[PDB]
Amino acid sequence: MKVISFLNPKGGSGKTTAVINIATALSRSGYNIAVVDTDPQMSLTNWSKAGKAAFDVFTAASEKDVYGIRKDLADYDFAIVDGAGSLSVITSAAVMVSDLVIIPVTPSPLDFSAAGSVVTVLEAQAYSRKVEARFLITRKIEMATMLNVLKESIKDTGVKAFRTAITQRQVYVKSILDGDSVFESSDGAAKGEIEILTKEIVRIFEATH
Amino acid sequence: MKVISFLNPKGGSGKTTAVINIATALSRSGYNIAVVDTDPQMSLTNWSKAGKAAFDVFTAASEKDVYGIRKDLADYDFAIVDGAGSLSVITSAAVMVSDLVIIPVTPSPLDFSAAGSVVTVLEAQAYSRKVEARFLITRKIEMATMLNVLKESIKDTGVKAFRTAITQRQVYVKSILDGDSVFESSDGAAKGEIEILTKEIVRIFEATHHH
Amino acid sequence: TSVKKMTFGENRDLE
Amino acid sequence: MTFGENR
Ligand SMILES: Nc1ncnc2c1ncn2[C@@H]1O[C@H](COP(=O)(O)OP(=O)(O)NP(=O)(O)O)[C@@H](O)[C@H]1O
Ligand SMILES: Nc1ncnc2c1ncn2[C@@H]1O[C@H](COP(=O)(O)OP(=O)(O)NP(=O)(O)O)[C@@H](O)[C@H]1O
């Protein structure tokens, strides 16, 4: 079993929306995936009250439930945590029990702020068990001027990113409004990027098998 | 003097962006406006340190700075609050000392999450001192579907919502990257709505001079 | 449209 | 939608 976590205190970064589509894509490939919802508002959990979900949903009553993961969700090929859109103990708890930490960030500059506090929680864990890290550009738009600013916001931290940024499309919203992922849509522009982004995520685990 | 707050515990709700453009619209209209940033990440402040803003910018270190606003920024005409993106005491603080509360919500399902939070702290405040409130549609995209799914939510709550909304435009963002607001550019699609939305706010306090 | 387009990226990088 | 009205 392995644990993937999506953390970033900033609420416009699309942590919840990403998970739904990546985990859904992860199940279609034969993997058994389980996702933990840590948001006190329980979004990934309310959405999944729509039946349609290729993954398993487990809500979090507190950080005590995010800690004992491998003791419970040990049977799944993957365990994914929908980050908490708040500066909290969550981020601290997650990194401590992960094998990969994905960090969603958007083009808007002021949306990269907390990208920092997270990157420094990993730098701490390196002392016990280095946790792999990667930046995931989401809601991308063709704004050169704006993307060079975000391209650099990453560089400094000194962590690799993903050559496959999640683009901004209306399908990523309407799909969630009904209770589906983007794989339940004719739209193939979105299914593409994710199917290639997901592939990347697995490559990180192949180098070591 | 009157206090105004932009509180919505959710993150992509455009609180900060709204505050800037709306405040500018008010200052360039004559009034003297002072804005209090309460973000632990100081995004609005990090913004203000570059291009000169039209309003006065401040920075809070804790709720201690919010509770005393009627004292510090008393010489001003309006005090605006860029509420923290967290579910903190700031939301609790703000309402306690405000003549008006604006709740920025966006056309999405995951956004109306803690938007309901603010609504109850206002009803809870209604006991000691009635505090007005209005929802604010932001980043309005073109989807009749979602707009109603929100519009309905914005109704059950039992509060009004400005007839005008803040549309999604690459200017509202591009403008924050440089350092300007939206009135420091030729785009007249935004320069108008902000001005109209602002005229509403002025009417609200107009009915306090009437009664 | 002008003025501070890099100073933010520059610092979002520092944070 | 049904849950959207709800929120
Ligand atoms: N790739 C995308 N394309 C289009 N809309 C998106 C995308 N990613 C996110 N959104 C929308 O942006 C808003 C914020 O996304 P969301 O996934 O809710 O963020 P979160 O990380 O879930 N927010 P929070 O719970 O506060 O941490 C939502 O309304 C989404 O519908
Ligand atoms: N009307 C709009 N049109 C286009 N983009 C917008 C608009 N309003 C906000 N945005 C963008 O969406 C992001 C979210 O806006 P922002 O005002 O930062 O939300 P907040 O609620 O202020 N975020 P936070 O301080 O983390 O709680 C910003 O980075 C903006 O670039």
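Method of structure determination, per the deposited record: X-ray crystallography was used for this entry, reaching 3.6400 Å resolution.

(A) Seen up close, the interface of chain B and chain A. Listed by partner, the interface residues are 28 residues for chain B and 28 residues for chain A. Of the roughly 2,200 Å² buried between chain B and chain A, counting both surfaces, carbon and sulfur atoms make up 69%. The largest per-residue losses of area from chain B upon contact with chain A belong to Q41(B), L110(B) and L177(B), which jointly make up 25% of the total buried on that side. Across the chain B-chain A interface, the total number found is 2 residue pairs in polar contact. Where the side of chain B that touches chain A is concerned, the elements lending two or more residues are helix 7 (144-156) and helix 8 (170-178) of chain B. The biggest single contributor to the side of chain B that touches chain A is helix 8 of chain B, with 5 residues. Classifying every residue of the side of chain B that touches chain A by side-chain character gives 12 nonpolar, 12 polar and 4 charged.

(B) Structural context of the packing of aromatic side chains. Scanning the model with the defined rule gives 10 aromatic pairs over all chains in all. The interplanar angle of 85° and the centroid separation of 5.4 Å between the aromatic rings of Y31(A) and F78(A) together place this pair among those described as edge-to-face. Of this pair, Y31(A) sits in the loop between helix 1 (15-27) and strand 2 (33-37) while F78(A) sits in strand 4 (residues 78-82), placing them 47 residues apart in sequence. Classification of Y31(A) by relative accessible area gives partly exposed; the value is 30%. Among the residues examined, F78(A) registers a relative accessible area of 6% and is labelled buried. On the basis of an interplanar angle of 20° and a centroid distance of 5.8 Å, the ring pair of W47(A) and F55(A) is categorised as stacked. For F55(A), a relative accessible area of 5% translates into the label buried. Taken together, the aromatic side chains of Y31(A), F78(A) and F205(A) make up a single cluster linked through ring pairs. One residue, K49(B), lies across the ring of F8(C), its end atom 5.9 Å from the ring centre.

(C) The arrangement of the site of ligand 1 in detail. Neighbouring ligand 1 are 18 residues, the closest being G11(A), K15(A), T16(A), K10(B) and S108(B). Those chains with residues close to ligand 1 are chains A and B. At 3.0 Å, a backbone N or O of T17(A) approaches an oxygen atom of ligand 1. Here a nitrogen atom of ligand 1 sits 3.4 Å away from a polar atom, N or O, in the main chain of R169(A). The protein chains hide 95% of the 620 Å² of surface that ligand 1 would expose on its own. Of all the elements in the fold, those that place two or more residues in the shell around ligand 1 are helix 1 and helix 7 (171-178) of chain A. Looking at which element gives the most residues to the shell around ligand 1, the answer is helix 1 of chain A, with 3 residues. Each residue belonging to the shell around ligand 1 can be placed in one class, and the counts come to 4 nonpolar, 9 polar and 5 charged.

(D) Structural detail: the site of ligand 2. Every one of the 19 residues lining ligand 2 counts as a neighbour, but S108(A), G11(B), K15(B), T16(B) and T167(B) are closest to it. The environment of ligand 2 is shared, with nearby residues belonging to chains A and B. The contact in question runs from a nitrogen atom of ligand 2 to an N or O atom on the backbone of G11(B), over 2.5 Å. Interatomic distance of 2.9 Å between a backbone N/O atom of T17(B) and an oxygen atom of ligand 2. Taken by itself ligand 2 offers 620 Å² of open surface, and the protein chains cover 95% of this. Of all the elements, helix 1 (residues 15-27) of chain B adds the most residues to the shell around ligand 2, at 3 residues.

(E) The arrangement of the sheet that holds strand 5 (residues 100-105) of chain A in detail. All names here are of chain A. Spatially, 3-2-4-1-5-6 is the arrangement adopted by the 6 strands of the open sheet, whose pairing is parallel. Looking along the sheet, the strands with just one partner apiece sit at the ends: strand 3 (56-59) and strand 6 (132-137). For this sheet, the mean angle separating the axes of adjacent strands, direction not counted, is 20°. Relative to strand 5, strand 1 (residues 3-6) runs parallel, the two sharing 3 bridges. Bridge pairing in strand 5 places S5 opposite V101.

(F) Examining the pairing of strand 5 (residues 100-105) of chain B more closely. Residue and element names in this part refer to chain B. Of all 6 residues in strand 5, 6 are buried, a share of seventy percent or more. Alternating residues of strand 5 divide into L100, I102 and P104 and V101, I103 and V105, and every residue in both groups is buried. Summarising the sheet, strand 1 (residues 2-6) and strand 5 pair through 3 bridges and their orientation is parallel. Bridged to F6 within strand 5 is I102. With 6 bridges joining them, strand 5 and strand 6 (residues 132-140) adopt parallel strand pairing. The partner of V101 across the bridge, within strand 6, is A133. Between strand 5 and its parallel partner strand 6, the chain crosses via helix 6 (residues 115-125), and the hand of that crossover is right-handed.

(G) Up close: empty space enclosed by the protein. The computed volume of the largest cavity comes to approximately 70 Å³. In terms of lining residues, the largest cavity is bounded by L177(A), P107(B), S108(B), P109(B), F112(B), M146(B), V149(B), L150(B), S153(B), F3(D), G4(D) and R7(D). Counting only elements with at least two residues in the lining of the largest cavity, the list comes to helix 7 of chain B together with helix 1 (2-6) of chain D. Split into classes, the residues belonging to the lining of the largest cavity amount to 8 nonpolar, 3 polar and 1 charged.

(H) Structural view of helix 7 of chain B. Between the first and last C-alpha of helix 7 of chain B there are 19 Å, a value that for 13 residues agrees with the 18 Å anticipated at 1.5 Å per step. Residues of helix 7 of chain B that are buried in the fold lie against helix 7 of chain A, strand 5, strand 6 and strand 7 (160-161) of chain B together with helix 1 of chain D. Just beyond helix 7 of chain B, the residue with positive phi is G158(B), at close to 95°.

Rules and cut-offs
Residues numbered from 1 in each chain as written, not as in the entry; some residues may be left out. Chains lettered and ligands numbered in written order. Heavy atoms only, no water. Residues with missing side-chain atoms left out of burial classes, pairs and counts. Contact = heavy atoms within 4.5 Å. Buried area = accessible area lost by both parts, 1.4 Å probe. Polar contact = N/O pair within 3.5 Å; in protein donor to acceptor, adjacent residues only side chain to side chain. Helix = DSSP H or I, 4+ residues; strand = E, 2+ residues; numbered from the N terminus. Nonpolar A, V, L, I, M, F, W, Y, C, P; charged D, E, K, R; others polar. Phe/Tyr/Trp six-rings, centres within 6.5 Å; stacked < 30°, edge-to-face > 60°. Buried < 20%, exposed > 50% of the residue type's maximum accessible area, 1.4 Å probe, protein only. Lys NZ or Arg CZ within 6 Å of the ring centre and 35° of its normal. Near = heavy atom within 4 Å. Areas by Shrake-Rupley, 256 points an atom, 1.4 Å probe, with all protein chains shown as cover. Pairing = 2+ DSSP bridges. Axes fitted to C-alpha atoms, helices over the stretch in contact; angles between N-to-C directions. Right-handed = clockwise from strand over helix to strand, strands pointing away. 1 Å grid on protein atoms, 1.4 Å probe; cavity = no way out; pocket = protein on both sides within 12 Å on 5 of 7 lines; lining within 4 Å. Points joined across faces, edges and corners; volume = space filled by probe spheres on them. Expected span 1.5 Å × (residues − 1).

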